[PDB]
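Okay, so here's the structure we're looking at.
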Amino acid sequence: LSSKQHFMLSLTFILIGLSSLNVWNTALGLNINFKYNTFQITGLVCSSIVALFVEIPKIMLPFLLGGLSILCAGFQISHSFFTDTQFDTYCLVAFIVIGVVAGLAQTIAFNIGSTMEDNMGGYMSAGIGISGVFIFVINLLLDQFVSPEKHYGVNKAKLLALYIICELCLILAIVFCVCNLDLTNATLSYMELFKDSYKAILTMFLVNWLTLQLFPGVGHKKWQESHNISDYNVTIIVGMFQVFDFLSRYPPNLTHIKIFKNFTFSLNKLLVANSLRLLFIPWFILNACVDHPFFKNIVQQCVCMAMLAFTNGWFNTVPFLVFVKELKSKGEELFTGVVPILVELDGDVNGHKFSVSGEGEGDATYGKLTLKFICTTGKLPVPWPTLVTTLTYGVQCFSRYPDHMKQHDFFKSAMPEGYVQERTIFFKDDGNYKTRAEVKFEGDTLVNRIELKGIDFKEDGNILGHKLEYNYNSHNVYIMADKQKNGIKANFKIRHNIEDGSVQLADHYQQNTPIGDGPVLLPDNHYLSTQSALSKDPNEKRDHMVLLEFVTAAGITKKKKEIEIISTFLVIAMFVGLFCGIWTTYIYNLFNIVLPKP
Ligand SMILES: Cc1oc(-c2ccccc2)nc1C(=O)NCCN1CCCCCC1=O
């Protein structure tokens, strides 16, 4: 699969989005009356549900685009040829049919994406914003070279220029998307799905019951009718809305960057904090009614519109990225990012006392460990590979588990609670180690405090003689559970290469028990396959080494329609909210918001 066709299909999909949103973008930028907007919204929201619930044929893309082209081409001729009286009827009919056609085209275009391997939805998300910014830039550039003749309350050159631009864009898109994207060719109840997760539908409805209530009608129509703003300024408020509506959609998508770590948080908190947006309502009434001079500046209106635009595109795409995470064990969320690790060891072997400090990072998603270990007491009388079992295998929380087995581990849930691990290490023909360690969150850093006692070690043995080679290998740690202590048991024998070619066996019996009072996930028999790499950093002088660890669990060898149904429910809810958030503005007609004529 070459990338040339990848880029070509990406460009085709972007062009589809461009020509789909160009009509609305150019119909909002010339302060057209409210009735045409409400008719267009009604058509767009009435066609889409019917198109969604029933599988329509997938062959009507070029015909729909051609119909849109001829409908838009009709406007320029009709506006001059027709007298305004019958021109109104043509406007309303064209707007209704344009709404229906655009809804049908967008719905049929979205469905064809999921069938292909790559995700297409991001491409429509990009294309809509690109259309908005492109129309705004074109309008701003054209504003400085058009005579304001004001034939029927609308500009003359602006209409022709914008509509021929739209026609050229649509014809390019249709001629570019035809030679691609070929078009040849147990059950469960639904109510429990609806009542299981309703925390997203309410937010996705209430965040669009307001934005489309305000910006169409009360956004700048009332302000223009009150303060009589110059025509040269109305083209800037809508642009300041469009640009930020486009730009405030990407930051929630990416989070691995350090600065954007606090954007996608939760739903209950989102629902209880969404009431901060309701403060916007008195602001528009206040700046439309009060005549005091501090409010008669373009800057504050632009700031308010920019704030509304930024808050619209950030409380609208969040639910699409959170519900899957919270569908459902507790404790895995603390494994999503890279977690720092601090290790402190105080050991005593055959009367030799020592302290070791180590720092590093762990990545549970990759299941990899990187660590630097240094001796704070100087040089160590015993080899550090012998303490590797103390250092790294004393922390198994960062091990990568397969998604099938991910719920099995207790390490995932215990680490927020903290746990205590004991280990008995037997060296063949030598002494033994007894190690007690605790691993638990200090601040935002996982810490491991370990005390080691070494006994019965011969002075001429492989350990005290420093006969161990500088290398480490791959092994398997066998883990079973113990119900009596509500903990886990583990056995593993580590082989150590000797400089003379021989092999030293070190048996390790390990018992892990949780520290906190919360319940744990008691597993069955399984093993962890681990690979260790030792390296020396030449830039430091003290006794130090770098340890890299690759851990993977093993031992033991549908329902996507629920996610599909949830996504469809969210989309339907958002469309219903958008429809219901237009007529509500007529309620404002009761109060005499408009300023007196003088
Ligand atoms: C993201 C998305 O997904 C879907 C979809 C999902 C599943 C099935 C079928 C369709 N539609 C959209 C979408 O176009 N939103 C913006 C729409 N409008 C109305 C047009 C211009 C302004 C008002 C507005 O903001």
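Residues are named by chain letter and number: chains run A, B, ... in the order of the structure tokens, numbers start at 1 in each chain, and ligands are numbered from 1 in the order shown.
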
Selection within 9 Å of ligand 1 by only C-alpha atoms and all ligand atoms, output as a PyMOL selection string: chain A and resi 17+20-21+23-25+41+44-45+48-49+51-52+99+102-103+106-111+121-122+124-125+128+208+212+317+567-568+570-572+574-575+578

Contacts of segment 157-166 of chain A within 7 Å, only C-alpha atoms, excl. fewer than 2 positions in-chain, as a list in words: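 Residues meeting the cut-off are residues 22, 26, 72, 76, 146, 155, 168, 169 and 170 of chain A.
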
Env of residue 580 of chain A: 12 Å cut, atoms = only C-alpha atoms, seq-sep filter 2 positions within chain, self excluded. Answer as a short mmCIF file (atom, residue, chain, number, x, y, z; two decimals) with N, CA and C atoms, in the first residue's frame.
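See selection.cif below for the written result:
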data_model
loop_
_atom_site.label_atom_id
_atom_site.label_comp_id
_atom_site.auth_asym_id
_atom_site.auth_seq_id
_atom_site.Cartn_x
_atom_site.Cartn_y
_atom_site.Cartn_z
N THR A 38 -32.77 29.76 9.31
CA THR A 38 -33.57 28.77 10.03
C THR A 38 -34.12 27.71 9.07
N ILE A 41 -31.21 25.31 8.34
CA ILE A 41 -30.96 24.43 9.47
C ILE A 41 -32.03 23.35 9.57
N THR A 42 -33.30 23.73 9.35
CA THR A 42 -34.38 22.75 9.41
C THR A 42 -34.18 21.65 8.37
N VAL A 45 -31.19 19.34 9.33
CA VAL A 45 -31.45 18.47 10.47
C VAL A 45 -32.61 17.51 10.25
N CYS A 46 -33.47 17.77 9.26
CA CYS A 46 -34.56 16.85 8.98
C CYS A 46 -34.17 15.75 8.02
N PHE A 205 -25.95 17.45 23.98
CA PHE A 205 -27.14 18.21 23.61
C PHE A 205 -27.10 19.63 24.15
N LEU A 206 -26.73 19.80 25.42
CA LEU A 206 -26.78 21.10 26.05
C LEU A 206 -25.65 22.02 25.59
N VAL A 207 -24.55 21.48 25.06
CA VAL A 207 -23.49 22.35 24.55
C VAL A 207 -23.78 22.88 23.15
N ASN A 208 -24.76 22.31 22.45
CA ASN A 208 -25.19 22.84 21.17
C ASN A 208 -26.60 23.42 21.21
N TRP A 209 -27.29 23.34 22.35
CA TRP A 209 -28.53 24.07 22.52
C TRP A 209 -28.32 25.56 22.74
N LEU A 210 -27.08 26.01 22.93
CA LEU A 210 -26.79 27.40 23.25
C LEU A 210 -26.02 28.12 22.15
N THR A 211 -24.96 27.50 21.63
CA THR A 211 -24.13 28.18 20.64
C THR A 211 -24.93 28.55 19.40
N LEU A 212 -25.75 27.62 18.91
CA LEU A 212 -26.61 27.94 17.78
C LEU A 212 -27.83 28.76 18.18
N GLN A 213 -28.11 28.89 19.48
CA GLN A 213 -29.14 29.82 19.91
C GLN A 213 -28.67 31.26 19.82
N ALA A 573 -28.21 12.78 19.14
CA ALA A 573 -28.49 13.74 20.19
C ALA A 573 -27.98 15.13 19.83
N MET A 574 -26.77 15.20 19.27
CA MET A 574 -26.22 16.51 18.91
C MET A 574 -27.04 17.17 17.81
N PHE A 575 -27.49 16.39 16.82
CA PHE A 575 -28.33 16.96 15.77
C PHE A 575 -29.66 17.46 16.33
N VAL A 576 -30.28 16.69 17.23
CA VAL A 576 -31.54 17.14 17.82
C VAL A 576 -31.32 18.43 18.60
N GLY A 577 -30.21 18.52 19.33
CA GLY A 577 -29.91 19.76 20.03
C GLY A 577 -29.72 20.93 19.09
N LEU A 578 -29.03 20.72 17.98
CA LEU A 578 -28.83 21.80 17.02
C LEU A 578 -30.15 22.28 16.44
N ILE A 582 -32.56 26.76 17.71
CA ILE A 582 -32.74 27.85 16.75
C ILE A 582 -34.03 28.62 17.03
N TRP A 583 -35.16 27.91 17.13
CA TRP A 583 -36.42 28.58 17.42
C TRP A 583 -36.43 29.25 18.78
N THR A 584 -35.63 28.75 19.72
CA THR A 584 -35.61 29.33 21.06
C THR A 584 -35.26 30.82 21.03
N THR A 585 -34.49 31.26 20.04
CA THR A 585 -34.10 32.67 19.98
C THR A 585 -35.31 33.57 19.79
N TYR A 586 -36.39 33.05 19.20
CA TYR A 586 -37.60 33.86 19.06
C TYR A 586 -38.16 34.28 20.41
#

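With only C-alpha atoms as the basis for measurement, A:187 is the residue among A:118, A:479, A:70, A:187 that approaches residue 558 of chain A most closely.
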
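The coordinates place atom CA of residue 127 of chain A at 22.1 Å from atom CA of residue 71 of chain A.
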
Segment 509-515 of chain A surroundings by only C-alpha atoms, 7 Å radius, close-in-sequence under 4 positions cut, as a list in words: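 Residues near the query, excluding close chain neighbours: residues 414, 417, 418, 419, 420, 421, 422, 423, 424, 425, 486, 487, 488, 489, 490, 491 and 492 of chain A.
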
Residues near residue 327 of chain A, cut-off 10 Å, only C-alpha atoms, skip fewer than 4 positions along chain, as a list in words: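 The filter keeps residues 196, 197, 322, 323, 562 and 563 of chain A.
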